[PDB]
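So this first bit is one chain, no partners, the form deposited in one PDB entry, shown in structure tokens.
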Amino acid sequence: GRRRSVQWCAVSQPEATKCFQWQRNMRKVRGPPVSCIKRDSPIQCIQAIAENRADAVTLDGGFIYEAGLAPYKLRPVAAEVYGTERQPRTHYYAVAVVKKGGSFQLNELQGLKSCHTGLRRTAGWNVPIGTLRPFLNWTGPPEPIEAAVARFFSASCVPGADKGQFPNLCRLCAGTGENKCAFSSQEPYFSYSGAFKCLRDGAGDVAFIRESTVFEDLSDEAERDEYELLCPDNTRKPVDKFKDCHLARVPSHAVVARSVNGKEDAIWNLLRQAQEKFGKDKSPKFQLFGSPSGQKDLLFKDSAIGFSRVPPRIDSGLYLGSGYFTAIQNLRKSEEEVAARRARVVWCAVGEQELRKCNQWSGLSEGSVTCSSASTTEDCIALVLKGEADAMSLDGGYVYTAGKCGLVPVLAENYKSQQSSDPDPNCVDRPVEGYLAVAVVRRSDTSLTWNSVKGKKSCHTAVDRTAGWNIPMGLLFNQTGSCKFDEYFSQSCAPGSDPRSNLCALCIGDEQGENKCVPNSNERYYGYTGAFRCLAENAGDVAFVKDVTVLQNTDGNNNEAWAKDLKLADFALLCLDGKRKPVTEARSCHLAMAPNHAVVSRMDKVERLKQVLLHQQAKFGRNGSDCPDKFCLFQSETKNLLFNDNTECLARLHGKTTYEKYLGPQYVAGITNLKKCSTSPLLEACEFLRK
């Protein structure tokens, strides 16, 4: 192959015909060319694109899933946009609606009565029943789900269900005579309005519908407070909290392409152009969105009004979201895979050394903890979003991002009250107090102060971390108002930065010079320890770390040759008033306070993760029965792997159960403004998915 044209795949003769029109008109107006191939089915178009016989095709959620699998590995590159300009819909939410009053939760549905939009529909069946799979007592695909579902609810309306085999599923349906349980408007409990009316009517205890149906069928904003949602965390909430309380986010159909040499640029150019010429109400000569009489949704849905470009970080799993993703997954898995995956905790390790420690923990954990790994923190967060991993300990900076992505904090790393402090048997309930971010210098140059730090050489733990980045660059940002972070300092090591930039100039990679500036421990200047090393080995002039870092690495507290001979007295802190103080005085000479690192997860895993963690820490923590004679969760000899080495225990949050509450408005205000200057791939991905 290797042409200039985008080759589109059609799944029908009618579609093929519209494609040829398209091609005709693009050549007419001198826009990017589009060519056409035809197949008999969506999966045939997915094969063709994988095999380079085509480039693009529009798919729904179910086919986006299949397309992401091997041996296809396609990804969404552009989404359909619905609604109107200034009211565009890029998705909706599968929510569970019950009446105001009850106290039963998502986990206590067994025996109740249910209203569904219809058999094998997304919101009404695929998502709810995939979510409830673990409770469902279902052998596996060998036997039909309907049988188990019928054995779970006492009665349901599920339009289209086989009233012969599964009469229970049809009991509450309102159709007359043989139209009872019909997959059609002749059954009043059909589709979104139907199943909701089925709830309103007292027929059912729960309706599995989409968020918009409530405000659309409900005329007054007082009718709606008689209804709430069931959340995956097993709470209830009002109907307008769907953004935070939903079974699934159902995304718009998307154009998919291959992840390797997808021609994504050509495809987007095409769609952008086509949309501007033949988009909605742009030309009587040809209509991108619109089908001839008798036809519907050829190539694109007739209700589309344009396209949104999918951020590059986003693959099929991320596009669909953990709720949707895992529900589809659950419907294909055995009861064994599903019970096992449910009970196990998948930690995400960042880099090879963390994975090694994790795998050690795993081995001792009595099956309750397993490992996955990625090469960056953001890559781990995406694994958790996809349900391929469950948990990890994050810097406050990453807690923010994880939070925008819909993750929640679970427990916090508790540090000792002061550097000088006795053991506290009630650590687990001792409220976190944060730690001090400091700027550390060598003592030699007495002329260096906070006021002369700009234009010098800097050592940072990593981009987007709190003490290493957000705090110092935030401070600098106030004073100068510039978003030119790569110009604050002449040269830096700031892992996670562009390897070309000045920001990576001082980083040294691993022993072979590989992995320069990668934000994991392969980079020897990474993290608290690495940033301090960058200063001690004289690469940088200032290190942005925490106050305990210098302690942990001087006066023989670190074994490594570079650190063994370092004395406390050879380092100073830069105070914001231009003074210099000894490191023992950080309390009165720090940049700012920083929030404790926290363990984050998905809502669905929170309770299980708590239980496993408190157990594991009872065994391997500082008061550990198996620590140190077997294994210590909170030790890595000045390496801070998985957790910070100065963690006393993992402690409860005392209601501070969202990232906003845990970090505080102040902190969140500050990062928010920071992010104006620039953002990360995952941050952009997650704002897209919540747009």
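Each residue number is its position in the shown sequence, starting from 1. Superpose the two forms; the largest set of C-alphas matching within 1.5 Å is the rigid core.
In this entry, the higher average B-factor at the C-alpha atoms falls on 337-345, of the pair 433-441 and 337-345. Remark: stretch with higher mean C-alpha B factor among 4-12 and 680-688 is 4-12. When the C-alpha B-factors of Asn234, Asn520, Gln616, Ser458 are read from the PDB record, the largest value belongs to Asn234. The residue among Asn640, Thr58, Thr647, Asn623 whose C-alpha carries the highest B-factor in the deposited model is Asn623. Sorting the modelled residues of the chain by their CA temperature factor places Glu660 in the middle third. For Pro188, the recorded CA B-factor ranks within the highest third of the chain. Only modelled residues enter the ranking. Ranked within its chain, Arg39 lands in the middle third, by CA B factor from the PDB record. Ranked against the other modelled residues of its chain, the C-alpha B-factor of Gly164 as given in the entry falls in the highest third. For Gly468, the recorded CA B-factor ranks within the lowest third of the chain. Only modelled residues enter the ranking.
Another form, the form deposited in another entry, is not on view; read the next lines as being about it.
After superposition on the rigid core, the single residue among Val599, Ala539, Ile305, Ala592 whose C-alpha moves by 2 Å or more between the shown form and the other one is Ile305. Comparing the forms between the shown form and the other one, the C-alpha position of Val29 differs by 2 angstroms or more, with the core used for superposition. Relative to the superposed rigid core, the position of the CA of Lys456 differs between the shown form and the other one by less than 2 Å. Once both forms are fitted on their core, the CA shift for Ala494 between the shown form and the other one remains under 2 Å.
The distance between the CA atoms of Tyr65 and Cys157 is at least 3 Å shorter in the other entry than in the form shown here.
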